[PDB]
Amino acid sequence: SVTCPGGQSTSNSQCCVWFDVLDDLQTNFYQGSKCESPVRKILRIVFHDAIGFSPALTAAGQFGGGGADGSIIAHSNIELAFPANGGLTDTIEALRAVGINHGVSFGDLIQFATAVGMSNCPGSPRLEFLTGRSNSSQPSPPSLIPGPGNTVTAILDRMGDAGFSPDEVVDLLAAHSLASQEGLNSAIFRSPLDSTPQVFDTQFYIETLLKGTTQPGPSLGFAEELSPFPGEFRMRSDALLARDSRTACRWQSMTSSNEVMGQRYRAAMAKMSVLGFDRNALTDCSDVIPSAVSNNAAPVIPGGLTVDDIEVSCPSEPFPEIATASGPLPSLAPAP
């Protein structure tokens, strides 16, 4: 049956080239299979590439974007001039080279490097991986990426037009559990968005719900809110979506189970990877993707804060019982 040149067994001969780009990305792009800044920039890139898709622009007779087509790399010259795409040139060039050198399409390569990067971060699910997305693209239309200063209505309408329900917007946001900011407030470069930027866990949902108490840098940056402890950055859209009645109950159900969070996240990501494509025309090469190491820590309210410090915003469901840590307040180191 299909055994690839390297002795691995796969479902289809179309999957064999991906064991070679797996080796290149792990050794080089990810610097020895690490979960550091290259994984976080690729998670920004996969979203910014796939969300350039708008059925409403198509309906009005305009080109609406090809979705998860790799247009952010093939047309980086126009797309990296967009407001939301700063701080990405170096990662896009590293990916362009792996793509040209292995003979794989840019849209497939971004989806693949996202599943491989996430496998380097403890706690992550195994993301689905499909191959066969066409390599040709047209530049994404501008203004299709949600920004941190937008209202929840603006974010839900843009996301809804691409096809996601309010629940799936919250599910997709689990990627901010592996995150920092570099361009919102340059003064606290790489300040984490949750206290474990290297563990794909529930802490992002717990901590954006805590009362904003601390200014982490000299001044406040673009779309920055007060955060719960030194070193942690809180962006306005995350604070608002955690508290809005349209998204608050789903945000609260994501706080106590890393297992439920990862299932939901895997499902929204599989939907986001085929925006602009018919998944039945693609080949499944999910077995090429390795397992991540498991996360054995339980969810916690960090540093002595309790349930009285979180601003419960889901009026129907009571806040789940999460553990407390007998701590002094943490000060987070920049994400690596």
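Numbers follow the displayed sequence, beginning with 1.
Higher mean CA temperature factor, per the PDB entry, when comparing 60-68 with 267-275: 60-68. 214-222 and 234-242 differ in mean CA B-factor, and the higher of the two is recorded for 214-222.
As recorded in the entry, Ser136 carries the highest CA temperature factor of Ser136, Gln198, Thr255, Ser180.
In the deposited entry, the Cα temperature factor of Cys285 places it in the middle third of its chain's modelled residues.
Per-chain ranking of the deposited C-alpha B factor places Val116 in the middle third.
Placement of the Cα temperature factor of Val300 within the chain: highest third of the modelled residues, per the deposited record. In the PDB entry, a CA B factor belonging to the lowest third of its chain's modelled residues is recorded for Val39. In the PDB entry, a CA B factor belonging to the middle third of its chain's modelled residues is recorded for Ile51.
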